[PDB]
Structure formats: structure tokens, C-alpha cells
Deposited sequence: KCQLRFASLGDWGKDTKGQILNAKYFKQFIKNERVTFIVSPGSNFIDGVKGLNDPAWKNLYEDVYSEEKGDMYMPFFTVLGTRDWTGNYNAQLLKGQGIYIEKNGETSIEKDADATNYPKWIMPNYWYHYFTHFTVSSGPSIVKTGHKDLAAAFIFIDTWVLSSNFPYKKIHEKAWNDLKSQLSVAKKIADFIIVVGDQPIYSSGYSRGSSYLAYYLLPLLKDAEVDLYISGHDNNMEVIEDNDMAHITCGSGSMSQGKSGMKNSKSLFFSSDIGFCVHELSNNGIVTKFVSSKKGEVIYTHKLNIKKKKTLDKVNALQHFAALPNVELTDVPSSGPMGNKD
């Protein structure tokens, strides 16, 4: 197949009628669109989890997103959002390390990490870099300063490599930089995160946190909010001037990478209808150095699980 297809589902972990209705359409589209993995922006569990054996794992994830015939057995690349950090965050990390299951495979090897992949098009190979960030760790409220700095430095290293070897670069996190939703974005991330993304010619920043769907396009970068996996908060005040689409509908996204670019379909759980299709052209990059890809892979930061003791820093 000459495409790479993935779905995005954010802020999904809450027992609501919306969650269950959304899950039905999610499964339908994943099968019919031939989605091969899922990414999860925003938070996972709206009320957090209490530990590894919290019934919430079964009740809000396993029993919601399972299907027979292995139709949902694929990677579920996730990150934490602010709602996860107020509970047993370490439990989600330990699950994220790790016989097939009926539900997707939970992947979160660290609070921030990357996944580089590739696909063939028509004799030619295109490479996609997925970079996963923890927007709370990157914030000024994170109390461990060394861990905070390491997360920023790893991000810079990941983007530096992606610039040299990736035709597509997609970043996934919790807090949006730009949003017409409740948070109204983050000037902090606009000042510190956005310049790194622009320097690396990132295609998409996919976030959640705000419980809506949106695409804001600025300087050939799409900011996608996909935070309505279980809940909806309404239209809010005045739309961002570069907003192309906004919906408070409970839903999800399906994304297609091809020789021509990225097509994102926003799906509403109201009746499983695609209510917006966003198309981003593939970039013509002068920074690529694919002949020496291995040497650039060798500059990526090690993906190690970080111990973040709940007691906070001492000394």
C-alpha cells in the first residue's frame, strides 16, 4: 500500500455516553480506512488512574476499544496530559513499557519519546517522524528542573534529526499552542516550543486538552486539536483568525500520509460523518540528507523511562 494511515483520539478516558458512541465509529473507521496505528493527544484518563490494577484500565480502555478478529490490535502511542499527572502517572508509564489482545497495545516508553517509520510510494520511500511530548514536563510548573531541561534538549535533538531524514514530521502532545477552545492556547509554548517546530518545518502539531476539534493553519504548519474523545465543551468565544474549522462534537481524526501530503479527516460521532477534510501539501525540503540517515539516527536521544518520584525534588 502506497500510504500510511493513523488515527488520533484525545482525552478519551471517561465513562460517558459520548465515549461509547465515539468508540463505535472509531472502530468502524479504523477497519474501513485500514488504519495501522493510533496516536493519543491530550490526556488519557480524565480522572487519572490510581495504579496498575485500577479497574479503570479495564472499564475505560480495554472494554471500550476492544474488537474480535484482532481488528483493534495495533499500537496506541500515547502521552500524558494534565489530568493524568494528578493521579498515578508512573503506573501509566509502567504499562507503557510492557501474546496479542483484543484492544490496542499501550505504548508509552517514556513521558516523551519518538517513533520513526517509513512507507513505499510510486519504488520510492517516504519517512515519517512522530515526536511525542509531555507539555506539562516542558512547562514552568514542573518541579524537577533537570528533567524539564532534559525533555527540552531531547526534543531539540529529535527535531534536529527529523530535519535531516523525515519527509513528514508530526508532533503529538496535550496542551495546544493555538486554540479557539477553552484554554485559548499557550503563549508559553508559542514562545518556546513553536520556534523549534517552525525551524524543523514540522507539518502537524496534534494536541488535545481543549474538548473540541479544530484546525488552525499558519506558515505551512497545521495545529490540530483532537480533544473530544469523550467530552464536548462548546464553541467558546471568538475564533482564532487562522482557524479553518472548529467543532465541539465528540469525535476523532483519521490522517493519511501519501506522496502528495497529509489528508486529515475530522469525524463526528453524531452520525459518523466526516465533517471536515484538511489537506496539507508535502514540503519540498533542502535540509534532507537521507544518504547518511544512519548517522543521523545515531544522534537521537536514548528512550529511557524516567523515574519521577512523587515526593518532589530534595537538595
{"item": "Regions of the deposited sequence not represented in the model", "value": "99-113, 138-146, 340-342"}
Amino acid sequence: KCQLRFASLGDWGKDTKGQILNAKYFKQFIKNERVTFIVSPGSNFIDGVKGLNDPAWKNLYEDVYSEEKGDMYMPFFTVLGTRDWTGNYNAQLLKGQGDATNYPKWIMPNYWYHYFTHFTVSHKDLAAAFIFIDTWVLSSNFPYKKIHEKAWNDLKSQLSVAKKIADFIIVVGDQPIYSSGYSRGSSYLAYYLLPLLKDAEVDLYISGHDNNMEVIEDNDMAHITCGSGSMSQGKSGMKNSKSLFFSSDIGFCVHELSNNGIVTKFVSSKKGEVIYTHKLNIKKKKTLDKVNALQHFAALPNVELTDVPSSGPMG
From here on, numbers count along this sequence of modelled residues.
query	finding
Higher-B stretch (mean Cα B-factor, as the entry records it), 41-49 or 61-69	61-69
Per the entry, higher mean C-alpha B factor between 109-117 and 215-223	215-223
Residue with highest C-alpha B-factor in the PDB entry, from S139, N90, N240, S228	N240
Peak C-alpha temperature factor (PDB record), options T78, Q158, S122, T135	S122
Modelled-residue ranking by C-alpha temperature factor, third containing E201	highest
Where the record places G173 (Cα B-factor, split into thirds across the chain)	lowest
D154 by Cα B-factor - lowest, middle or highest third of the modelled chain	lowest
Chain third (lowest, middle, highest) by recorded CA B-factor, residue given as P301	middle
Entry-reported Cα temperature factor of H255, expressed as the chain third it lands in	lowest
